[PDB]
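Engineer: Take a look at this one; I'll ask things after.
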Amino acid sequence: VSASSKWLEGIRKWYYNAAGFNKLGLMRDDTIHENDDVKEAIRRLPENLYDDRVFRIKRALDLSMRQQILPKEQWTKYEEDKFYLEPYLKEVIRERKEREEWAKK
Amino acid sequence: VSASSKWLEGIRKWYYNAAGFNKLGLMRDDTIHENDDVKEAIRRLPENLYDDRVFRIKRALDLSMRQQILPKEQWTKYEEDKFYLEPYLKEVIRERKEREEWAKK
Amino acid sequence: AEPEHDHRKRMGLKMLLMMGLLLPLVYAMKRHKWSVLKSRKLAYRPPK
Amino acid sequence: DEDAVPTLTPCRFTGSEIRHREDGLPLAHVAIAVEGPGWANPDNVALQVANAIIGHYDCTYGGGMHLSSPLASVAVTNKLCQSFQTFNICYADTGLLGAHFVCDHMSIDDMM
Amino acid sequence: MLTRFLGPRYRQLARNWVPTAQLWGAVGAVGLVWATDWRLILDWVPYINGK
Amino acid sequence: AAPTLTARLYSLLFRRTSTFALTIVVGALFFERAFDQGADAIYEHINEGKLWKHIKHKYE
C-alpha cells in the first residue's frame with residue numbers, strides 16, 4: 001500500500017483513504033467479491049486466519065454502522081500486509097484451473 | 001352386523017350394504033373419522049392389528065378405484081367382528097378423559 | 001381549480017407542525033431503538 | 001475497626017449479554033435468571049414461592065408429559081430444550097433466580 | 001362444553017381478566033367515539049362542542 | 001411528579017397497555033378540536049380577505 005500502491009493500491013491506500021478499504025484497515029484479500037471459487041476458497045481457509053478475518057470483518061461492519069473509522073494511526077499499516085489467501089486462493093486458482101484443466105481435457 | 005344391527009348397524013350392514021362399509025368389508029373401528037384422539041389412539045395400536053387394518057384400508061381403496069366390491073360372499077361376515085380399537089380406543093377415551101380429568105381438576 | 005388554495009392551504013399549516021413534531025419524535029424513536037446497537041462492545045479475544 | 005467500612009451504593013449491574021462466541025461450544029449450556037435471593041429484601045419470601053412457581057426443569061428429570069411447570073411440559077412435548085433450572089443469584093435485596101438451560105440451534109426464542 | 005372452561009379455576013381466570021376486560025372495552029368504545037364523532041354521542045360532548 | 005408523569009403516568013397511565021391507549025384517544029379529542037381551533041386562528045390572522053365580508057357585505 002505504498003506510493004505507487006499508495007496512488008494505485010492507493011486507490012486502496014491513499015484513495016482508499018478515499019475509497020476506504022485499507023484506511024478502514026480492511027483485509028486486502030477480504031475485498032474479493034464473493035464467488036463460488038471464492039466460496040470454497042474460504043472453506044479451505046486457515047483457522048487462526050479465519051478468526052482474524054472474522055474480527056476484521058465484523059469490526060468493519062461496526063464502524064460502518066458507526067459511520068466512523070479507526071484512528072488514522074489505527075488506519076492500517078501500509079504495505080506490510082500478508083497476502084492471506086493468495087497462496088491459498090491462488091492455489092485454488094490452479095485448482096479451478098485444474099478441474100478447469102482436465103475439464104478442458 | 002345383525003338384523004337389528006343389520007337394519008341399524010345395518011346402516012352398516014344391510015344399509016351398508018347400502019352405505020357400503022361392511023358389505024365393502026370395512027373395519028368397524030376403522031370408520032371413525034380421524035381425530036387427534038383417534039390419531040395417537042392409532043399410534044398406540046397393536047402391531048399385527050396395524051398390518052391388518054392396513055391391508056383392509058388399502059384394499060378398500062383398491063376396489064374403490066375399481067368402483068367394484070368383493071363377492072357378496074366375500075362381503076364381510078356379519079356380527080362376528082372384533083371391536084379392534086374399542087378396548088384400546090375406549091381405554092384412550094378414559095385417557096383423554098384423564099388428561100381431561102385432572103385437566104378438569 | 002384551487003379554491004382549497006385557501007382550504008388546502010390551511011391543512012398545509014398543520015403539516016408543517018406534524019412533521020416538525022413527528023419527524024423529531026419519529027427520528028427519536030428510531031434512535032430510541034437503535035441506540036444500544038450504536039455503542040456495542042464486542043470482543044475479539046482469540047484464546048492464546 | 002480503624003477505617004474503611006463503606007456500605008453498598010446502589011447502581012445497575014451490567015445489564016447486557018455476551019456470547020463467548022463459540023463454534024466450539026458443542027451444545028448450548030444455556031441459562032437465565034430473575035431476581036435471586038441475596039441477604040435483605042422482605043419480598044423474596046413470596047419470590048421464593050414465586051421462584052417455586054418458577055421451578056427448575058431438570059434434564060435428568062423424567063415425567064415431562066406430566067411435568068408441572070407448563071414450560072417444562074411443552075419443553076417435553078416440543079422437546080423444546082435440553083435443560084432449564086431456576087437458579088437464584090444473590091445480593092442483599094436483589095439478584096436473579098432462573099433457569100439454567102441446554103439447547104441446540106433452536107430453543108432460546110420460545111424459551112423466553 | 002362450556003364445562004371445559006367452566007370451573008373455579010377458569011372462573012378465577014375470568015376474575016383476573018375482568019378489570020382489563022373493562023379496559024380494552026373502553027378502548028373500543030371511545031375509539032368509536034373519536035373516530036365517528038357520531039352526532040348521537042357527539043351532542044353530549046362539552047367544549048368538544050364544535051359549534 | 002414528572003417522575004410520576006414518566007412513572008405514574010407510566011404507572012397510573014402508560015403502564016397498563018389499554019390505559020396507554022385510552023389515554024391516546026383521550027388526547028385524540030382534545031388535540032383534534034384544539035389544533036382545529038388554533039389552526040383556524042392562524043389562517044384567521046393570515047388574511048381577513050373573505051367571510052369577514054358579510055359585515056362588509058352588509059350581512060343582510
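Here, A, B, ... name the chains of the C-alpha cells in the order displayed, residue numbers run from 1 inside each chain, and ligands are numbered from 1 in the same displayed order.
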Quick check for you: according to DSSP on this backbone, which residues of chain B are classed as helix (DSSP H, G or I)? Reply as a ChimeraX atom specification.
Structural biologist: /B:3-7,15-18,29-31,36-43,47-66,85-104
Engineer: Using only C-alpha atoms, determine which residues lie at most 12 Å from residue B:86, disregarding the query and same-chain residues fewer than 4 positions distant; provide the list as a JSON list (two decimals) with N, CA and C atoms, in the first residue's frame.
Structural biologist:
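Result saved to out-v4.json:
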```json
[["chain", "number", "residue", "atom", "x", "y", "z"],
["B", 27, "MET", "N", -63.58, -52.18, 8.21],
["B", 27, "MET", "CA", -63.34, -52.41, 9.62],
["B", 27, "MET", "C", -64.15, -51.39, 10.40],
["B", 28, "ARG", "N", -65.04, -51.88, 11.25],
["B", 28, "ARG", "CA", -65.93, -51.04, 12.03],
["B", 28, "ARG", "C", -65.16, -49.90, 12.66],
["B", 29, "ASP", "N", -64.22, -50.26, 13.53],
["B", 29, "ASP", "CA", -63.37, -49.26, 14.15],
["B", 29, "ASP", "C", -62.78, -48.32, 13.11],
["B", 30, "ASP", "N", -62.30, -48.87, 12.00],
["B", 30, "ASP", "CA", -61.63, -48.03, 11.02],
["B", 30, "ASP", "C", -62.51, -46.89, 10.56],
["B", 32, "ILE", "N", -64.05, -44.66, 12.21],
["B", 32, "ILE", "CA", -64.04, -43.45, 13.00],
["B", 32, "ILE", "C", -63.31, -42.36, 12.24],
["B", 38, "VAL", "N", -58.29, -39.98, 18.02],
["B", 38, "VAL", "CA", -58.14, -41.06, 17.07],
["B", 38, "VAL", "C", -56.69, -41.21, 16.69],
["B", 41, "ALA", "N", -54.43, -42.44, 19.34],
["B", 41, "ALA", "CA", -55.11, -43.70, 19.57],
["B", 41, "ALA", "C", -54.53, -44.77, 18.67],
["B", 42, "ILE", "N", -54.49, -44.49, 17.37],
["B", 42, "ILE", "CA", -53.89, -45.45, 16.46],
["B", 42, "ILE", "C", -52.41, -45.58, 16.75],
["B", 45, "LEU", "N", -51.80, -48.33, 18.55],
["B", 45, "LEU", "CA", -52.48, -49.52, 18.11],
["B", 45, "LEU", "C", -51.58, -50.75, 18.22],
["B", 46, "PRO", "N", -52.17, -51.93, 18.21],
["B", 46, "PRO", "CA", -51.37, -53.16, 18.17],
["B", 46, "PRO", "C", -50.82, -53.41, 16.78],
["B", 81, "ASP", "N", -67.40, -59.54, 14.43],
["B", 81, "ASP", "CA", -66.35, -58.57, 14.16],
["B", 81, "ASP", "C", -65.77, -58.10, 15.48],
["B", 82, "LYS", "N", -64.52, -58.46, 15.73],
["B", 82, "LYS", "CA", -63.83, -57.94, 16.89],
["B", 82, "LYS", "C", -63.93, -56.43, 16.87],
["B", 90, "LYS", "N", -61.29, -47.10, 23.56],
["B", 90, "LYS", "CA", -62.04, -46.75, 24.75],
["B", 90, "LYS", "C", -61.11, -46.52, 25.92],
["B", 91, "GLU", "N", -60.06, -47.33, 26.04],
["B", 91, "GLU", "CA", -59.02, -47.03, 27.00],
["B", 91, "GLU", "C", -58.58, -45.59, 26.82],
["B", 92, "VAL", "N", -58.25, -45.21, 25.58],
["B", 92, "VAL", "CA", -57.85, -43.84, 25.36],
["B", 92, "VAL", "C", -58.98, -42.89, 25.70],
["B", 93, "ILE", "N", -60.22, -43.30, 25.46],
["B", 93, "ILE", "CA", -61.34, -42.47, 25.87],
["B", 93, "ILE", "C", -61.22, -42.14, 27.34],
["B", 94, "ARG", "N", -60.83, -43.13, 28.14],
["B", 94, "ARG", "CA", -60.53, -42.85, 29.52],
["B", 94, "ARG", "C", -59.30, -41.97, 29.64]]
```
Engineer: Just need the residues of chain E within 12 Å of chain B, counting only C-alpha atoms, so spit them out as a list in words.
Structural biologist: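 Result: residues 1, 2, 3, 4, 5, 6, 7, 8, 9 and 10 of chain E.
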Engineer: Show me, as a list in words, the residues that have an atom within 10 Å of stretch 8-20 of chain B when counting only C-alpha atoms, minus same-chain residues fewer than 4 positions from it.
Structural biologist: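 Once the nearby chain positions are removed, what remains is residues 1, 2, 3, 4, 24, 25, 26, 28, 69, 72, 75, 76, 77, 78 and 79 of chain B.
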Engineer: For residue F:37, work out the shell of residues within 12 Å, counting only C-alpha atoms and skipping chain neighbours fewer than 5 positions away, then give it as JSON, numbers by chain.
Structural biologist: {"C": [10, 14], "E": [47, 48, 49, 50, 51], "F": [30, 31, 32, 42, 43, 44]}
Engineer: Keeping only C-alpha atoms, take the residues you just selected and write them out as an mmCIF file, in the first residue's frame.
Structural biologist:
```cif
data_model
loop_
_atom_site.group_PDB
_atom_site.id
_atom_site.type_symbol
_atom_site.label_atom_id
_atom_site.label_comp_id
_atom_site.auth_asym_id
_atom_site.auth_seq_id
_atom_site.Cartn_x
_atom_site.Cartn_y
_atom_site.Cartn_z
ATOM 1 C CA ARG C 10 -54.966 25.538 5.843
ATOM 2 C CA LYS C 14 -50.815 21.600 10.276
ATOM 3 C CA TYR E 47 -66.195 22.055 24.685
ATOM 4 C CA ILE E 48 -65.695 19.198 22.371
ATOM 5 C CA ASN E 49 -68.758 21.042 21.223
ATOM 6 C CA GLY E 50 -67.715 22.043 17.721
ATOM 7 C CA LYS E 51 -70.176 24.895 17.316
ATOM 8 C CA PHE F 30 -58.531 17.421 22.874
ATOM 9 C CA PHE F 31 -55.746 17.671 20.334
ATOM 10 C CA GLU F 32 -58.194 17.346 17.462
ATOM 11 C CA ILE F 42 -53.532 31.027 12.104
ATOM 12 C CA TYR F 43 -55.483 31.273 8.883
ATOM 13 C CA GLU F 44 -57.524 33.987 10.547
#
```
Engineer: Pick out the chain C residues within 10 Å of chain F. Count only C-alpha atoms. Give them as an MDAnalysis selection string.
Structural biologist: chainID C and resid 6:7 9:11 13:14
Engineer: Could you tell me, as a VMD selection string, which residues of chain D DSSP assigns to strand (DSSP E) when given the backbone?
Structural biologist: chain D and resid 28 to 31 83 to 84 87 to 91 94 to 98 100 to 103
Engineer: For chain D, list the residues within 12 Å of chain C, counting only C-alpha atoms, and write the list as a list in words.
Structural biologist: residues 15, 16, 17, 18, 19, 20, 21, 22 and 24 of chain D
Engineer: Give me the residues within 8 Å of stretch 93-103 of chain D as a PyMOL selection string, counting only C-alpha atoms and dropping any in the same chain fewer than 5 places off.
Structural biologist: chain D and resi 27-41+51+54+56-57+80-88+108
Engineer: Can you write just those residues out, N, CA and C atoms, as a PDB file, in the first residue's frame?
Structural biologist:
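Output saved as out35.pdb:
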```pdb
ATOM      1  N   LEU D  27     -22.947 -27.783  22.403  1.00  0.00           N
ATOM      2  CA  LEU D  27     -24.376 -27.576  22.571  1.00  0.00           C
ATOM      3  C   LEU D  27     -24.582 -26.557  23.670  1.00  0.00           C
ATOM      4  N   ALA D  28     -25.605 -25.727  23.519  1.00  0.00           N
ATOM      5  CA  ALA D  28     -25.798 -24.642  24.457  1.00  0.00           C
ATOM      6  C   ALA D  28     -25.867 -25.191  25.858  1.00  0.00           C
ATOM      7  N   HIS D  29     -25.043 -24.640  26.731  1.00  0.00           N
ATOM      8  CA  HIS D  29     -25.377 -24.680  28.139  1.00  0.00           C
ATOM      9  C   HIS D  29     -26.017 -23.330  28.337  1.00  0.00           C
ATOM     10  N   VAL D  30     -27.329 -23.317  28.370  1.00  0.00           N
ATOM     11  CA  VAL D  30     -27.964 -22.020  28.342  1.00  0.00           C
ATOM     12  C   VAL D  30     -28.430 -21.718  29.743  1.00  0.00           C
ATOM     13  N   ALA D  31     -28.934 -20.518  29.945  1.00  0.00           N
ATOM     14  CA  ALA D  31     -29.475 -20.202  31.243  1.00  0.00           C
ATOM     15  C   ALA D  31     -30.173 -18.869  31.206  1.00  0.00           C
ATOM     16  N   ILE D  32     -30.631 -18.461  32.377  1.00  0.00           N
ATOM     17  CA  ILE D  32     -31.346 -17.218  32.593  1.00  0.00           C
ATOM     18  C   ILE D  32     -31.548 -17.131  34.089  1.00  0.00           C
ATOM     19  N   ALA D  33     -31.832 -15.939  34.589  1.00  0.00           N
ATOM     20  CA  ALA D  33     -32.245 -15.830  35.974  1.00  0.00           C
ATOM     21  C   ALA D  33     -32.913 -14.487  36.196  1.00  0.00           C
ATOM     22  N   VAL D  34     -33.708 -14.410  37.255  1.00  0.00           N
ATOM     23  CA  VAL D  34     -34.516 -13.236  37.554  1.00  0.00           C
ATOM     24  C   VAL D  34     -34.718 -13.248  39.051  1.00  0.00           C
ATOM     25  N   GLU D  35     -34.862 -12.114  39.722  1.00  0.00           N
ATOM     26  CA  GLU D  35     -34.126 -11.912  40.973  1.00  0.00           C
ATOM     27  C   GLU D  35     -33.989 -13.114  41.928  1.00  0.00           C
ATOM     28  N   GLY D  36     -32.739 -13.387  42.315  1.00  0.00           N
ATOM     29  CA  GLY D  36     -32.395 -14.417  43.270  1.00  0.00           C
ATOM     30  C   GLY D  36     -32.011 -13.780  44.584  1.00  0.00           C
ATOM     31  N   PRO D  37     -31.931 -14.571  45.640  1.00  0.00           N
ATOM     32  CA  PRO D  37     -32.249 -14.024  46.970  1.00  0.00           C
ATOM     33  C   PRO D  37     -31.380 -12.906  47.536  1.00  0.00           C
ATOM     34  N   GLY D  38     -30.082 -13.114  47.642  1.00  0.00           N
ATOM     35  CA  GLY D  38     -29.335 -12.168  48.452  1.00  0.00           C
ATOM     36  C   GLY D  38     -29.766 -12.137  49.912  1.00  0.00           C
ATOM     37  N   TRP D  39     -29.256 -11.139  50.624  1.00  0.00           N
ATOM     38  CA  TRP D  39     -29.456 -11.095  52.064  1.00  0.00           C
ATOM     39  C   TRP D  39     -30.809 -10.525  52.470  1.00  0.00           C
ATOM     40  N   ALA D  40     -31.253  -9.456  51.821  1.00  0.00           N
ATOM     41  CA  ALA D  40     -32.065  -8.461  52.513  1.00  0.00           C
ATOM     42  C   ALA D  40     -33.577  -8.563  52.354  1.00  0.00           C
ATOM     43  N   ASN D  41     -34.076  -8.215  51.177  1.00  0.00           N
ATOM     44  CA  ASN D  41     -35.432  -7.716  50.974  1.00  0.00           C
ATOM     45  C   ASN D  41     -36.522  -8.580  51.589  1.00  0.00           C
ATOM     46  N   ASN D  51     -40.325 -18.100  42.731  1.00  0.00           N
ATOM     47  CA  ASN D  51     -39.342 -18.965  42.112  1.00  0.00           C
ATOM     48  C   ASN D  51     -39.807 -20.404  42.156  1.00  0.00           C
ATOM     49  N   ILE D  54     -41.817 -20.807  39.592  1.00  0.00           N
ATOM     50  CA  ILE D  54     -40.808 -20.930  38.558  1.00  0.00           C
ATOM     51  C   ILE D  54     -40.365 -22.378  38.434  1.00  0.00           C
ATOM     52  N   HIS D  56     -37.303 -25.595  38.513  1.00  0.00           N
ATOM     53  CA  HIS D  56     -36.108 -25.940  37.755  1.00  0.00           C
ATOM     54  C   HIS D  56     -36.354 -27.210  36.955  1.00  0.00           C
ATOM     55  N   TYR D  57     -36.273 -27.114  35.635  1.00  0.00           N
ATOM     56  CA  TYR D  57     -36.635 -28.229  34.775  1.00  0.00           C
ATOM     57  C   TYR D  57     -35.388 -29.054  34.509  1.00  0.00           C
ATOM     58  N   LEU D  80     -38.351 -29.241  23.723  1.00  0.00           N
ATOM     59  CA  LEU D  80     -38.102 -27.849  23.405  1.00  0.00           C
ATOM     60  C   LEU D  80     -36.826 -27.307  24.009  1.00  0.00           C
ATOM     61  N   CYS D  81     -36.077 -28.123  24.738  1.00  0.00           N
ATOM     62  CA  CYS D  81     -34.810 -27.682  25.304  1.00  0.00           C
ATOM     63  C   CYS D  81     -34.181 -28.868  26.004  1.00  0.00           C
ATOM     64  N   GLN D  82     -32.882 -28.759  26.259  1.00  0.00           N
ATOM     65  CA  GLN D  82     -32.177 -29.810  26.963  1.00  0.00           C
ATOM     66  C   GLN D  82     -31.955 -29.529  28.440  1.00  0.00           C
ATOM     67  N   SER D  83     -32.302 -28.337  28.927  1.00  0.00           N
ATOM     68  CA  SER D  83     -32.393 -28.136  30.380  1.00  0.00           C
ATOM     69  C   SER D  83     -32.878 -26.730  30.679  1.00  0.00           C
ATOM     70  N   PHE D  84     -33.469 -26.563  31.862  1.00  0.00           N
ATOM     71  CA  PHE D  84     -33.670 -25.250  32.453  1.00  0.00           C
ATOM     72  C   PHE D  84     -33.776 -25.417  33.954  1.00  0.00           C
ATOM     73  N   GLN D  85     -33.096 -24.577  34.714  1.00  0.00           N
ATOM     74  CA  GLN D  85     -33.180 -24.762  36.154  1.00  0.00           C
ATOM     75  C   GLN D  85     -33.257 -23.427  36.867  1.00  0.00           C
ATOM     76  N   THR D  86     -34.367 -23.148  37.536  1.00  0.00           N
ATOM     77  CA  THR D  86     -34.470 -21.875  38.238  1.00  0.00           C
ATOM     78  C   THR D  86     -33.311 -21.734  39.210  1.00  0.00           C
ATOM     79  N   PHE D  87     -32.525 -20.673  39.049  1.00  0.00           N
ATOM     80  CA  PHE D  87     -31.282 -20.524  39.797  1.00  0.00           C
ATOM     81  C   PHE D  87     -31.196 -19.115  40.352  1.00  0.00           C
ATOM     82  N   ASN D  88     -31.211 -19.014  41.683  1.00  0.00           N
ATOM     83  CA  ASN D  88     -31.375 -17.753  42.405  1.00  0.00           C
ATOM     84  C   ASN D  88     -30.027 -17.117  42.690  1.00  0.00           C
ATOM     85  N   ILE D 108     -33.976 -21.000  22.323  1.00  0.00           N
ATOM     86  CA  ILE D 108     -33.965 -19.876  23.247  1.00  0.00           C
ATOM     87  C   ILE D 108     -35.173 -18.985  23.050  1.00  0.00           C
TER      88      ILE D 108
END
```
Engineer: What are the closest atom pairs, with distances in Å to one decimal, for all residues of chain E lying within 6 Å of chain F? Consider only C-alpha atoms, order rows by chain and residue number, and present the result as CSV.
Structural biologist:
```
residue,atom,partner,partner_atom,distance
E:23,CA,F:18,CA,5.9
E:24,CA,F:18,CA,5.6
E:27,CA,F:22,CA,5.3
```
Engineer: Quick check: residues of chain B within 12 Å of chain D, only C-alpha atoms, returned as a list in words.
Structural biologist: residues 98, 99, 102 and 103 of chain B
Engineer: Any idea what the distance is between atom CA of residue A:73 and atom CA of residue A:49?
Structural biologist: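 Value for the atom CA of residue A:73-atom CA of residue A:49 distance: 23.2 Å.
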